[PDB]
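Q: Below is a structure I'd like to ask you about.
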Amino acid sequence: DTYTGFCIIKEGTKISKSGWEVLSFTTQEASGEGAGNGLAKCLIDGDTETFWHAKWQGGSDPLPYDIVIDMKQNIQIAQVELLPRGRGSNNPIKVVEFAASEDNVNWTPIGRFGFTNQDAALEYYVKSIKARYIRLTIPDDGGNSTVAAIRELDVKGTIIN
Ligand SMILES: [Zn+2]
């Protein structure tokens, strides 16, 4: 049975999010923002201008919020990157959490990190693992808010298949 230990890790290059597909999410804004924007799928679309925003117009969802992404490939995750909405926006996310999985059923948490609404992208040194599914979650215990928006999520690593 496996365990959590030390490791050297190169600084893996990014992955093509072309094949990808979010297969579930707690919440998204299907109108409020743009009419092609705010969606969960914006998180992984390669478009800077698109962002996911939690539902806010006409109702909102209680925290926590998560988004599970199917990476079509088995990948050795090394970093995770989040492009925040930034540009002075009210985006009071304070804590995000990442988990990951080879099959959609058993998850291992790969880190809990502080969030900052900087324009520049957020490099997160997750716990490296072999995984096909990452789950971005926004916990109900960070001092997080029902306002949460993210332009892009990327995964730096190497193809292990
Ligand atoms: Zn986007």
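Ordered as shown in the structure tokens, chains take letters A, B, and onward, while each chain numbers its residues from 1 and ligands are numbered from 1 in the order shown.
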Residues up to 12 Å from ligand 1, counting only C-alpha atoms and all ligand atoms: could you list those as number ranges by chain?

A: A: 17, 36-53, 82-85, 149-154

Q: Do a neighbour search on stretch 90-103 of chain A at 10 Å with only C-alpha atoms, toss out local chain neighbours closer than 4 positions, and write the hits as an MDAnalysis selection string.

A: chainID A and resid 53 65:71 73:75 77 80 82 84:86 107:118 124 126:150

Q: Could you check which of A:79, A:161, A:31, A:24 is closest to residue A:9, using only C-alpha atoms?

A: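 Using only C-alpha atoms, the shortest distance to residue A:9 belongs to A:79.
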
Q: Can you list every residue in stretch 28-142 of chain A that DSSP puts in strand (DSSP E), as number ranges by chain?

A: A: 52-53, 65-84, 95-101, 108-114, 122-124, 129-138

Q: Between A:76, A:57, A:104, A:89, which residue has the minimum interatomic distance to residue A:34, considering only C-alpha atoms?

A: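 Among the listed residues, the smallest separation from residue A:34 belongs to A:57.
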
Q: Give me, please, the distance in Å between atom CA of residue A:12 and atom CA of residue A:156, quoted to one decimal.

A: 5.1 Å
